[PDB]
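Residue numbers (the UniProt record's numbering), protein chains in the order written: chain W, 147 to 242; chain S, 5 to 196; chain L, 515 to 642.
Every residue gets a Cβ at the ideal spot worked out from N, C-alpha and C, and that includes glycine.
Structure, as structure tokens:
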Amino acid sequence: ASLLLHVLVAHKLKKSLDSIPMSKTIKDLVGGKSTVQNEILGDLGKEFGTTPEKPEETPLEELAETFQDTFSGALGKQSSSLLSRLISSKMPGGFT
Amino acid sequence: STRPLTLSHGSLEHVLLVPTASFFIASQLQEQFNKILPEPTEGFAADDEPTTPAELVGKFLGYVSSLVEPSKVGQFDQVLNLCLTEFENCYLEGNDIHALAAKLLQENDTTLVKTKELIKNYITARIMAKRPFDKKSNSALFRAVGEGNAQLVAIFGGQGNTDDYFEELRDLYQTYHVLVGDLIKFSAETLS
Amino acid sequence: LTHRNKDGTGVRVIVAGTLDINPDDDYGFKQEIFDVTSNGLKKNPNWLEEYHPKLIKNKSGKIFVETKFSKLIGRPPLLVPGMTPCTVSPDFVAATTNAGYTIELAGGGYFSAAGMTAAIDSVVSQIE
Ligand SMILES: *P(=O)(O)OCC(C)(C)[C@@H](O)C(=O)NCCC(=O)NCCS
């Protein structure tokens, strides 16, 4: 979950997998625009199902654990749909 | 006296009943259209390629609507008027376009960018083929305000709600070009 | 922002400017304006009216505070809860049950099925 969460957040911020430090709240990373914040929470909602209460107030590091329990290396709805785009929309010209 | 034509992209199609009177027009648009839209890829995930039959017909309505003139009666007017009347009777079942855009978004693996263009295409088409919105729509909410169930209040926002408000004006103008074009134009003159 | 100020007053906000989908379905998007089916007229809960406490009578003519909870148990919506010393006694559990009020026997003062079964049996012997 600690990798998958990092990637889902990294992808929504148009930012590199190390420019996001895990020891930092979601409302910290997108403090300005509140749209992106909720849009991240909507994505974690689809991806891992059940969330804590005020997930954008607990650091990703801390929140990754809470998911790690009830999730089992499942890509699920959102991540699968992001890879389906990544391949087809980028130019693995023939190889799916 | 009719004749079948099949708009298709990879695995999905809409079968389209063109009066043979105006077929040599439509089949020339079909091949011109069938080369612009890209190579089918699994899931139909890439932003350009449509994901359902409903989107594919919409992509067409747009491409045809981009060749009509709003005054000059050209060749494509009756072509477009029999893509609309198909699209409205298959996929809208006498609802609004927005009610359809919703369904696709929670059923099928469409995105927002994918469903924004479908609303652009349909509403462009409706106006390029002189069919202006004049029917007092059967909106559940407004049937409910007449009956006296629902009370409505309008509220308007202000500054502070976004970093770039101007992307809201751009996205609004990109999609409802054919409804707001006149109000935008009026403001631009009235401020200038 | 207005939605969160008045969640639970019986007011639905519709964001007339954007088309998206609310997972929670707390507030609406553009669709709700245009939609023709019953999926355009949705109401939000009015907690003061949903869960308003009422009164109600028996054939005997004995009044009850009617709530979600009292409607299930047929007794007033007051429970003496499980307290280790206090509701360990089956003589207390019986008196409170007799009276007409819900009460927990307390596991915390029992050390074995045998011991508790003797307690539960002493309760059943005394209640109506
Ligand atoms: P997010 O939870 O941060 O979204 C809500 C919001 C902070 C954008 C919204 O509550 C907000 O705009 N707050 C202040 C209201 C405002 O912008 N006032 C206008 C300045 S004249």
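Closer than 8 Å at the beta carbon, the chain A residues around residue i
i: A105 of chain S; result: The chain inventory of the structure shown lacks chain A, comprising the protein chains W, S and L.
Unbroken beta strand (DSSP E) run spanning residue i, endpoints
i: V157 of chain S; result: No beta strand (DSSP E) contains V157 of chain S, which DSSP labels as neither H nor E.
i: residue 2 of chain S; result: The question about residue 2 of chain S has no answer, for chain S in this structure spans 5 to 196.
i: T10 of chain S; result: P8 to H13
i: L569 of chain L; result: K568 to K571
Span of the alpha helix (DSSP H), counted from its first residue to its last, around residue i
i: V149 of chain S; result: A144 to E151
i: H152 of chain W; result: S148 to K158
i: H517 of chain L; result: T516 to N519
i: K582 of chain L; result: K582 to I587
i: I188 of chain S; result: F170 to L195
i: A129 of chain S; result: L116 to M132
i: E53 of chain S; result: Segment: none, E53 of chain S is in no alpha helix (DSSP H) and carries neither H nor E.
i: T204 of chain W; result: That residue, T204 of chain W, is in no alpha helix (DSSP H); it is neither H nor E in DSSP.
i: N612 of chain L; result: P604 to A613
i: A220 of chain W; result: From DSSP, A220 of chain W is part of no alpha helix (DSSP H); its letter is neither H nor E.
i: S141 of chain S; result: First-last for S141 of chain S: undefined, no H or E at that position.
i: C600 of chain L; result: Taken as a continuous stretch (DSSP letters only), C600 of chain L belongs to no alpha helix (DSSP H), as it is neither H nor E.
i: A627 of chain L; result: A627 to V638
i: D539 of chain L; result: First-last for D539 of chain L: undefined, no H or E at that position.
i: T89 of chain S; result: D81 to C94
i: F28 of chain S; result: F27 to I40
i: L104 of chain S; result: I101 to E111
i: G188 of chain W; result: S180 to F194
i: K173 of chain W; result: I172 to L175
i: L562 of chain L; result: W561 to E564
i: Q545 of chain L; result: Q545 to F548
Buried/exposed call for residue i, threshold 16 Cβ in 10 Å
i: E121 of chain S; result: buried
i: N99 of chain S; result: buried
i: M132 of chain S; result: buried
i: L533 of chain L; result: buried
i: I535 of chain L; result: exposed
i: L229 of chain W; result: exposed
i: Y95 of chain S; result: buried
i: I40 of chain S; result: exposed
i: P559 of chain L; result: exposed
i: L221 of chain W; result: exposed
i: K63 of chain S; result: buried
i: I577 of chain L; result: exposed
i: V176 of chain W; result: buried
i: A58 of chain S; result: buried
i: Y126 of chain S; result: buried
i: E193 of chain W; result: buried
i: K76 of chain S; result: exposed
i: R130 of chain S; result: buried
i: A628 of chain L; result: exposed
i: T6 of chain S; result: exposed
i: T179 of chain S; result: buried
i: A613 of chain L; result: exposed
Within 8 Å, strictly: CB atoms of residue i and residue j
i: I617 of chain L; j: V602 of chain L; result: no
i: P42 of chain S; j: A30 of chain S; result: no
i: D549 of chain L; j: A154 of chain S; result: no
i: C87 of chain S; j: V117 of chain S; result: no
i: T89 of chain S; j: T242 of chain W; result: no
i: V529 of chain L; j: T516 of chain L; result: no
i: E580 of chain L; j: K571 of chain L; result: no
i: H152 of chain W; j: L206 of chain W; result: yes
i: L20 of chain S; j: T56 of chain S; result: no
i: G524 of chain L; j: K557 of chain L; result: yes
i: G47 of chain S; j: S180 of chain W; result: no
i: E202 of chain W; j: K173 of chain W; result: yes
i: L33 of chain S; j: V83 of chain S; result: yes
i: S69 of chain S; j: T114 of chain S; result: no
i: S225 of chain W; j: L150 of chain W; result: yes
i: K124 of chain S; j: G66 of chain S; result: yes
i: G621 of chain L; j: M630 of chain L; result: yes
i: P599 of chain L; j: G188 of chain W; result: no
i: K582 of chain L; j: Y565 of chain L; result: yes
i: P604 of chain L; j: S636 of chain L; result: yes
i: residue 229 of chain S; j: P54 of chain S; result: Examination of residue 229 of chain S is not possible in this model, given that chain S is present from 5 through 196 alone.
i: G588 of chain L; j: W561 of chain L; result: no
Practice problem: Report all residues for which the CB-ligand distance to some heavy atom of ligand 1 is below 6 Å; order them along the chain. | Solution: W:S180, S:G162, S:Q163, S:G164, S:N165 and L:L515
Quiz item: Between the region 201-217 of chain W and the region 16-27 of chain S, are three or more C-beta pairs nearer than 8 Å?
Solution: no
Quiz item: Is it true that the region 539-556 of chain L meets the region 101-109 of chain S, where meeting means three or more beta-carbon pairs spaced less than 8 Å apart?
Solution: yes
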